[PDB]
Amino acid sequence: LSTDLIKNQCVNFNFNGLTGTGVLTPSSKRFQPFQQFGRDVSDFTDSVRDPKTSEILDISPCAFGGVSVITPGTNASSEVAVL
Amino acid sequence: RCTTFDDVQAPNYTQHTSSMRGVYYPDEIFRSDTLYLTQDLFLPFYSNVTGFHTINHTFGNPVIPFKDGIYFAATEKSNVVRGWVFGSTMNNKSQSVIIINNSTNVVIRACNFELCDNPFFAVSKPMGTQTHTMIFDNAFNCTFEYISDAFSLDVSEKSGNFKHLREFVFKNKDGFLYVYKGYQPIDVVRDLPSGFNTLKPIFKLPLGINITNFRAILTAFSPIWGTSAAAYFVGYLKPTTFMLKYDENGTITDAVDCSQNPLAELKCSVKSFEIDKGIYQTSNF
Ligand SMILES: *[C@@H]1O[C@H](CO)[C@@H](O[C@@H]2O[C@H](CO)[C@@H](O[C@@H]3O[C@H](CO)[C@@H](O)[C@H](O)[C@@H]3O)[C@H](O)[C@H]2NC(C)=O)[C@H](O)[C@H]1NC(C)=O
Ligand SMILES: *[C@@H]1O[C@H](CO)[C@@H](O)[C@H](O)[C@H]1NC(C)=O
Ligand SMILES: *[C@@H]1O[C@H](CO)[C@@H](O)[C@H](O)[C@H]1NC(C)=O
């Protein structure tokens, strides 16, 4: 079943019906005995409870953003730095 | 063994108020520090609550319609309300499910029961234990069976205040029967008081049967029959819009109807419990 634990790496998890990708990490949210998973102020399933160990974990987004290139110009140099 | 009673008073249909009860956890999903709209079956605030009182010569449990899903409350000190039959025809012609507490187990059983017209437990009033299980005469084509853990329940008749307030909601959707539970301690004589308690889901039972009516299974206290003071309260649900309030500990702390007045419906739109002065726009007429 490969019910392992990979913390702090972007993986593509699949719980008991809970699919998706992201970086996994331990949570500290106050559940109930009948909670299974929680959601944020948005409509994303944020936190998760282990079907195997009943551990409260929260799910973070993997990685994204924009790229901006920094140049001093062509007639002087050619090296650049990123952001 | 089907035993009907001799001198039962006709039912009261005495109406009471629904003030702020009927709150349940709608799902299994955690939220916190938030407000949240729902469109689901609910008891509206401050509504007609039919109180069926079991008093000295009054044994009220007729055939009661489930029509849309029901709200139930039980004002208890001696555990008179112990079970229910759910179904449509309330005979052995259609499948009936019976969920009882027989003072040993929570027993769930769905068969074609030959319904006794008067379901009750008989309890010896000077002895203090259950004597009879006069529920059903026959049972066949049993679809579902459940018997819970063995536990010792308080059966004998008590005196004084109603101490125990058990609130139940039953909800047929997608072939299930959603079963809701909640309890608070009380102390009152009659007339189910105001309060605010979120009910908790306990069972989502794949029955798949036509349930239109029901009848509670009460407990006769006998020195054939005799009764003691107990009351149970009839509530229908209606598809409403409420808004919940989650704290930092994920507790439902406040609820608000969007339908009782233009005031609270505005509070559903503005999404705060407090609004200062001014004029605000809501939907069309
Ligand atoms: C959410 O729930 C938790 C737990 O129910 C609340 O935290 C609790 O806060 C109380 C008082 O603020 C703490 O009680 C204190 O305990 C110490 C040590 O026993 C005692 O000396 C004090 O006199 C007082 O009784 C309690 O320990 C604490 N529990 C935990 C687990 O933190 C919390 O306040 C709740 N938050 C909200 C927003 O409802
Ligand atoms: C390079 O171009 C900049 C303007 O983009 C100018 O100010 C600078 O004098 C130029 N340098 C040379 C060596 O042409
Ligand atoms: C039902 O409730 C309404 C208030 O919504 C009240 O005016 C009416 O008298 C109640 N009916 C009975 C039979 O008590």
# chains A, B, ... in the order shown; residues from 1 in each chain; ligands from 1

call {"tool": "residues_near_ligand", "arguments": {"ligand": "ligand 1", "cutoff": "12 Å", "atoms": "only C-alpha atoms and all ligand atoms", "output": "short mmCIF file (atom, residue, chain, number, x, y, z; two decimals) with N, CA, C and O atoms, in the first residue's frame"}}
result
data_model
loop_
_atom_site.label_atom_id
_atom_site.label_comp_id
_atom_site.auth_asym_id
_atom_site.auth_seq_id
_atom_site.Cartn_x
_atom_site.Cartn_y
_atom_site.Cartn_z
N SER A 28 -1.21 21.28 13.74
CA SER A 28 -1.54 21.40 15.15
C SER A 28 -2.94 21.97 15.32
O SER A 28 -3.19 22.80 16.20
N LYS A 29 -3.87 21.56 14.47
CA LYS A 29 -5.21 22.11 14.51
C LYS A 29 -6.13 21.25 15.36
O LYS A 29 -6.02 20.02 15.37
N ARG A 30 -7.04 21.91 16.06
CA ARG A 30 -7.90 21.27 17.04
C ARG A 30 -9.04 20.57 16.33
O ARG A 30 -10.05 21.19 15.98
N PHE A 31 -8.90 19.27 16.12
CA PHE A 31 -9.97 18.51 15.49
C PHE A 31 -10.97 17.99 16.52
O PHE A 31 -10.98 18.38 17.69
N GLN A 32 -11.82 17.10 16.05
CA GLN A 32 -12.83 16.36 16.76
C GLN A 32 -12.59 14.89 16.44
O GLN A 32 -11.85 14.59 15.50
N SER B 32 -12.44 27.07 11.02
CA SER B 32 -12.10 27.83 12.21
C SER B 32 -12.05 29.31 11.88
O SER B 32 -11.62 29.68 10.78
N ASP B 33 -12.47 30.13 12.85
CA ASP B 33 -12.39 31.59 12.81
C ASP B 33 -13.11 32.14 11.58
O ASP B 33 -12.55 32.89 10.78
N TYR B 246 -17.61 29.46 13.52
CA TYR B 246 -16.58 28.59 14.05
C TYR B 246 -15.56 29.40 14.84
O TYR B 246 -15.12 30.46 14.39
N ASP B 247 -15.20 28.89 16.01
CA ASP B 247 -14.23 29.55 16.86
C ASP B 247 -12.82 29.09 16.48
O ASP B 247 -12.60 28.48 15.44
N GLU B 248 -11.86 29.38 17.35
CA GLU B 248 -10.51 28.86 17.14
C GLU B 248 -10.41 27.38 17.49
O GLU B 248 -9.49 26.70 17.02
N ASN B 249 -11.33 26.87 18.30
CA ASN B 249 -11.34 25.45 18.62
C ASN B 249 -12.29 24.65 17.74
O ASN B 249 -12.57 23.49 18.05
N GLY B 250 -12.78 25.24 16.66
CA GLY B 250 -13.63 24.51 15.73
C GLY B 250 -14.99 24.14 16.28
O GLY B 250 -15.56 23.12 15.88
N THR B 251 -15.51 24.94 17.20
CA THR B 251 -16.82 24.71 17.79
C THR B 251 -17.82 25.62 17.10
O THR B 251 -17.52 26.78 16.83
N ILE B 252 -18.99 25.08 16.79
CA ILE B 252 -20.08 25.93 16.34
C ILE B 252 -20.56 26.73 17.54
O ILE B 252 -21.09 26.18 18.50
N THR B 253 -20.36 28.05 17.49
CA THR B 253 -20.64 28.91 18.62
C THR B 253 -21.86 29.80 18.42
O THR B 253 -22.43 30.25 19.41
#

call {"tool": "residues_around", "arguments": {"residues": "residue 3 in chain B", "least_positions_apart": "2", "cutoff": "8 Å", "atoms": "only C-alpha atoms", "output": "ChimeraX atom specification"}}
result
/B:1,5,116-119,134

call {"tool": "residues_near_ligand", "arguments": {"ligand": "ligand 3", "cutoff": "8 Å", "atoms": "only C-alpha atoms and all ligand atoms", "output": "compact mmCIF listing (two decimals) with N, CA, C and O atoms, in the first residue's frame"}}
result
# COMPACT_ATOMS: atom_id res chain seq x y z
N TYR B 13 -51.64 17.55 21.09
CA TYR B 13 -51.15 18.51 20.09
C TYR B 13 -50.85 19.87 20.71
O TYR B 13 -51.11 20.92 20.12
N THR B 14 -50.27 19.85 21.92
CA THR B 14 -49.86 21.08 22.58
C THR B 14 -48.59 21.61 21.94
O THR B 14 -47.59 20.89 21.82
N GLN B 15 -48.61 22.88 21.53
CA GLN B 15 -47.53 23.46 20.76
C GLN B 15 -46.61 24.30 21.63
O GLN B 15 -47.05 24.95 22.58
N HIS B 16 -45.32 24.26 21.30
CA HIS B 16 -44.30 24.99 22.04
C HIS B 16 -43.37 25.65 21.04
O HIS B 16 -43.61 25.63 19.83
N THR B 17 -42.29 26.24 21.54
CA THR B 17 -41.41 27.08 20.76
C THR B 17 -40.11 26.36 20.44
O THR B 17 -39.68 25.47 21.17
N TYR B 46 -37.95 29.66 16.51
CA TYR B 46 -39.19 30.09 17.15
C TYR B 46 -40.41 29.57 16.40
O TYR B 46 -41.24 30.33 15.90
N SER B 47 -40.51 28.25 16.33
CA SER B 47 -41.55 27.59 15.57
C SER B 47 -42.40 26.72 16.48
O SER B 47 -42.00 26.40 17.60
N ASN B 48 -43.58 26.37 15.98
CA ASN B 48 -44.53 25.48 16.64
C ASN B 48 -43.91 24.12 16.93
O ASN B 48 -43.57 23.38 16.00
N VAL B 49 -43.76 23.77 18.20
CA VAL B 49 -43.17 22.49 18.58
C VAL B 49 -44.25 21.66 19.26
O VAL B 49 -44.67 21.97 20.38

call {"tool": "closest_residue", "arguments": {"among": "A:40, A:49, A:74, A:1", "to": "ligand 2", "atoms": "only C-alpha atoms and all ligand atoms"}}
result
A:74

call {"tool": "residues_around", "arguments": {"residues": "residue 51 in chain A", "least_positions_apart": "3", "cutoff": "12 Å", "atoms": "only C-alpha atoms", "output": "number ranges by chain"}}
result
A: 3-4, 14-18, 35-37, 48, 54-57

call {"tool": "closest_residue", "arguments": {"among": "A:33, A:66, A:61, A:73", "to": "chain B", "atoms": "only C-alpha atoms"}}
result
A:33

call {"tool": "residues_near_ligand", "arguments": {"ligand": "ligand 2", "cutoff": "12 Å", "atoms": "only C-alpha atoms and all ligand atoms", "output": "short mmCIF file (atom, residue, chain, number, x, y, z; two decimals) with N, CA and C atoms, in the first residue's frame"}}
result
data_model
loop_
_atom_site.label_atom_id
_atom_site.label_comp_id
_atom_site.auth_asym_id
_atom_site.auth_seq_id
_atom_site.Cartn_x
_atom_site.Cartn_y
_atom_site.Cartn_z
N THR A 71 19.05 42.91 -15.58
CA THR A 71 20.20 43.14 -16.44
C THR A 71 20.72 44.55 -16.26
N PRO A 72 22.03 44.75 -16.43
CA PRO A 72 22.58 46.11 -16.46
C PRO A 72 22.65 46.70 -17.85
N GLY A 73 22.32 45.94 -18.88
CA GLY A 73 22.44 46.41 -20.25
C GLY A 73 23.43 45.58 -21.04
N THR A 74 23.36 45.75 -22.35
CA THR A 74 24.15 44.95 -23.28
C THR A 74 25.49 45.58 -23.61
N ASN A 75 25.53 46.90 -23.81
CA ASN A 75 26.76 47.56 -24.25
C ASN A 75 27.84 47.58 -23.19
N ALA A 76 27.48 47.37 -21.92
CA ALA A 76 28.43 47.32 -20.83
C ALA A 76 28.76 45.89 -20.43
N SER A 77 27.75 45.10 -20.07
CA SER A 77 28.01 43.75 -19.61
C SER A 77 27.13 42.74 -20.32
N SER A 78 27.20 41.49 -19.88
CA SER A 78 26.27 40.47 -20.33
C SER A 78 25.81 39.55 -19.21
#

call {"tool": "interface_residues", "arguments": {"of": "chain B", "to": "chain A", "cutoff": "6 Å", "atoms": "only C-alpha atoms", "output": "list in words"}}
result
residues 28, 29, 30, 31 and 249 of chain B

call {"tool": "write_last_selection", "arguments": {"atoms": "N, CA, C and O atoms", "output": "JSON list (two decimals), in the first residue's frame"}}
result
[["chain", "number", "residue", "atom", "x", "y", "z"],
["B", 28, "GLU", "N", -18.24, 16.79, 8.14],
["B", 28, "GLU", "CA", -17.10, 16.26, 8.86],
["B", 28, "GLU", "C", -15.88, 17.13, 8.68],
["B", 28, "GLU", "O", -14.76, 16.70, 9.00],
["B", 29, "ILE", "N", -16.05, 18.34, 8.16],
["B", 29, "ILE", "CA", -14.95, 19.15, 7.66],
["B", 29, "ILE", "C", -14.66, 20.25, 8.66],
["B", 29, "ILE", "O", -15.58, 20.94, 9.12],
["B", 30, "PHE", "N", -13.39, 20.42, 8.99],
["B", 30, "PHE", "CA", -12.99, 21.41, 9.97],
["B", 30, "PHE", "C", -12.93, 22.79, 9.36],
["B", 30, "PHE", "O", -12.41, 22.98, 8.26],
["B", 31, "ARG", "N", -13.48, 23.76, 10.08],
["B", 31, "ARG", "CA", -13.29, 25.17, 9.80],
["B", 31, "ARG", "C", -13.00, 25.88, 11.12],
["B", 31, "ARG", "O", -13.29, 25.35, 12.20],
["B", 249, "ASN", "N", -11.33, 26.87, 18.30],
["B", 249, "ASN", "CA", -11.34, 25.45, 18.62],
["B", 249, "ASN", "C", -12.29, 24.65, 17.74],
["B", 249, "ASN", "O", -12.57, 23.49, 18.05]]

call {"tool": "select_by_dssp", "arguments": {"residues": "range 15-214 of chain B", "states": "strand (DSSP E or B)", "output": "JSON, numbers by chain"}}
result
{"B": [15, 16, 24, 29, 30, 34, 35, 36, 37, 38, 39, 40, 41, 42, 49, 50, 51, 52, 53, 54, 64, 65, 70, 71, 72, 73, 74, 75, 76, 83, 84, 85, 86, 87, 96, 97, 98, 99, 100, 101, 106, 107, 108, 109, 110, 111, 112, 113, 114, 115, 116, 117, 118, 119, 120, 121, 122, 123, 124, 130, 131, 132, 133, 134, 135, 136, 137, 138, 139, 140, 141, 142, 143, 144, 145, 146, 147, 162, 163, 164, 165, 166, 167, 168, 169, 170, 171, 172, 173, 176, 177, 178, 179, 180, 181, 182, 183, 184, 185, 186, 187, 188, 199, 200, 201, 202, 203, 204, 205, 206, 213, 214]}

call {"tool": "atom_distance", "arguments": {"atom1": "CA of residue 87 in chain B", "atom2": "CA of residue 209 in chain B"}}
result
7.4 Å

call {"tool": "residues_around", "arguments": {"residues": "residue 24 in chain B", "least_positions_apart": "5", "cutoff": "9 Å", "atoms": "only C-alpha atoms", "output": "list in words"}}
result
residues 42, 169, 180, 181, 182, 197, 198, 199, 200, 201 and 252 of chain B

call {"tool": "atom_distance", "arguments": {"atom1": "CA of residue 42 in chain A", "atom2": "CA of residue 59 in chain A"}}
result
13.4 Å

call {"tool": "closest_residue", "arguments": {"among": "B:64, B:211, B:192, B:100", "to": "residue 20 in chain B", "atoms": "only C-alpha atoms"}}
result
B:192

call {"tool": "residues_around", "arguments": {"residues": "range 54-58 of chain B", "least_positions_apart": "2", "cutoff": "7 Å", "atoms": "only C-alpha atoms", "output": "ChimeraX atom specification"}}
result
/B:7-9,52,60,226-231

call {"tool": "decode", "arguments": {"residues": "chain A", "atoms": "C-alpha atoms", "output": "CSV table (one decimal), in the first residue's frame"}}
result
chain,number,residue,atom,x,y,z
A,1,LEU,CA,0.0,0.0,0.0
A,2,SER,CA,3.1,2.1,0.5
A,3,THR,CA,1.6,4.2,3.3
A,4,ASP,CA,4.9,5.9,4.0
A,5,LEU,CA,5.8,9.5,5.2
A,6,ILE,CA,7.6,12.0,3.0
A,7,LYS,CA,7.7,15.2,4.9
A,8,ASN,CA,9.0,18.5,3.3
A,9,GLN,CA,9.0,17.3,-0.3
A,10,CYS,CA,6.5,18.2,-3.0
A,11,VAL,CA,4.7,14.9,-3.7
A,12,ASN,CA,1.4,14.0,-5.2
A,13,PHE,CA,-0.5,12.5,-2.2
A,14,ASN,CA,-3.5,10.2,-2.3
A,15,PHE,CA,-5.4,9.6,0.9
A,16,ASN,CA,-8.7,7.7,1.3
A,17,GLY,CA,-10.3,9.7,-1.5
A,18,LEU,CA,-8.1,12.8,-1.0
A,19,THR,CA,-5.9,13.3,-4.1
A,20,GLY,CA,-3.7,16.2,-5.2
A,21,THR,CA,-0.2,17.5,-5.0
A,22,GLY,CA,1.8,19.6,-2.5
A,23,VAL,CA,4.3,19.7,0.3
A,24,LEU,CA,3.3,17.8,3.4
A,25,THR,CA,3.9,18.9,7.0
A,26,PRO,CA,2.6,18.2,10.5
A,27,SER,CA,-0.4,20.3,11.7
A,28,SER,CA,-1.5,21.4,15.2
A,29,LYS,CA,-5.2,22.1,14.5
A,30,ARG,CA,-7.9,21.3,17.0
A,31,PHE,CA,-10.0,18.5,15.5
A,32,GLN,CA,-12.8,16.4,16.8
A,33,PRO,CA,-13.1,12.5,16.8
A,34,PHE,CA,-15.3,12.7,13.7
A,35,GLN,CA,-13.2,15.2,11.7
A,36,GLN,CA,-11.5,13.8,8.6
A,37,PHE,CA,-10.0,16.9,6.9
A,38,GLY,CA,-10.3,20.6,7.2
A,39,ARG,CA,-10.6,23.6,4.9
A,40,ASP,CA,-9.3,27.1,5.1
A,41,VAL,CA,-11.1,30.4,4.6
A,42,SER,CA,-10.9,29.4,0.9
A,43,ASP,CA,-12.5,26.2,-0.5
A,44,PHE,CA,-9.3,24.2,-0.6
A,45,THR,CA,-9.0,21.1,1.6
A,46,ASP,CA,-6.3,22.4,3.8
A,47,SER,CA,-5.7,19.9,6.7
A,48,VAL,CA,-5.8,16.1,6.7
A,49,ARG,CA,-6.1,13.3,9.2
A,50,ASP,CA,-4.2,10.1,8.6
A,51,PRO,CA,-6.3,7.0,7.7
A,52,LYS,CA,-3.5,4.9,9.1
A,53,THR,CA,-2.2,6.8,12.2
A,54,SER,CA,-4.9,9.5,12.8
A,55,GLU,CA,-2.3,12.2,12.6
A,56,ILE,CA,-3.4,15.7,11.9
A,57,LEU,CA,-1.4,17.0,8.9
A,58,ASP,CA,-1.9,20.2,7.0
A,59,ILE,CA,-1.2,20.5,3.2
A,60,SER,CA,0.8,23.3,1.8
A,61,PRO,CA,1.0,24.4,-1.9
A,62,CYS,CA,4.1,23.0,-3.7
A,63,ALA,CA,5.9,25.9,-5.4
A,64,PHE,CA,5.0,28.6,-7.9
A,65,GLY,CA,5.5,32.3,-8.7
A,66,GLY,CA,6.9,34.6,-11.3
A,67,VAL,CA,10.4,35.2,-12.7
A,68,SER,CA,12.0,38.6,-13.2
A,69,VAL,CA,15.4,39.0,-14.9
A,70,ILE,CA,17.8,41.7,-13.9
A,71,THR,CA,20.2,43.1,-16.4
A,72,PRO,CA,22.6,46.1,-16.5
A,73,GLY,CA,22.4,46.4,-20.2
A,74,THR,CA,24.2,45.0,-23.3
A,75,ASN,CA,26.8,47.6,-24.3
A,76,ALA,CA,28.4,47.3,-20.8
A,77,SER,CA,28.0,43.7,-19.6
A,78,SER,CA,26.3,40.5,-20.3
A,79,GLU,CA,25.9,38.9,-16.9
A,80,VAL,CA,22.5,38.8,-15.3
A,81,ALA,CA,20.8,38.0,-12.0
A,82,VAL,CA,17.4,36.4,-11.3
A,83,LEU,CA,14.6,37.0,-8.9
